[PDB]
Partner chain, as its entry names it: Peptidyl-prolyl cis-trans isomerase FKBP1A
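We begin with a single chain expressed as structure tokens, specifically the form solved without its partner chain.
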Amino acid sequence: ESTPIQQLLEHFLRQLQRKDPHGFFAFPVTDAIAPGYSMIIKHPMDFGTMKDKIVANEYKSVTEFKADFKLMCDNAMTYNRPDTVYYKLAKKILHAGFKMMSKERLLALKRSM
């Protein structure tokens, strides 16, 4: 049993995860691999958490999903230095997400529904 919003959100999530083939954004960051992480990042987010929220139907809208996506990227851009693979990849993901879930993109989608 799934719903149209769940299917749409699963599509966006799958498209974004394709940009992170190594799964750096797939699971929560621990302090053991990222020293100090929990002291600097107060609201952690990752793709796996987002997938669980989709499954539990916790997102009422694409706006709420976008907010978690944005948090995940902002966290990575705040914690990691600009030279790192994690920072760079966060910028890539974020740009892809802005393109995919922009207001004009969502308008065109609404037109077709």
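Positions refer to the first chain, counted from 1. Note that the rigid core is defined as the largest set of C-alphas that superpose within 1.5 Å between two forms.
RMS Cα deviation from the shown model in 9 other deposited structures of this protein, rigid core fit, is larger for 94-102 than for the other stretch of the pair 14-22 / 94-102. Averaged over Cα atoms, the B-factor as recorded in the entry is higher for 97-105 than for the other of 20-28 and 97-105. Taking only CA atoms, the mean B-factor in the PDB entry is higher for 50-58 than for the other of 72-80 and 50-58. For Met39, the recorded CA temperature factor ranks within the highest third of the chain's modelled residues.
What comes next is about the form solved in complex with its partner chain, which is not displayed.
For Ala67, no non-hydrogen atom is located within 4.5 Å of its partner chain in the deposited complex, even though that partner is not displayed. Although the partner is absent here, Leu71 is not a contact residue: none of its heavy atoms lies within 4.5 angstroms of its partner chain in the deposited complex.
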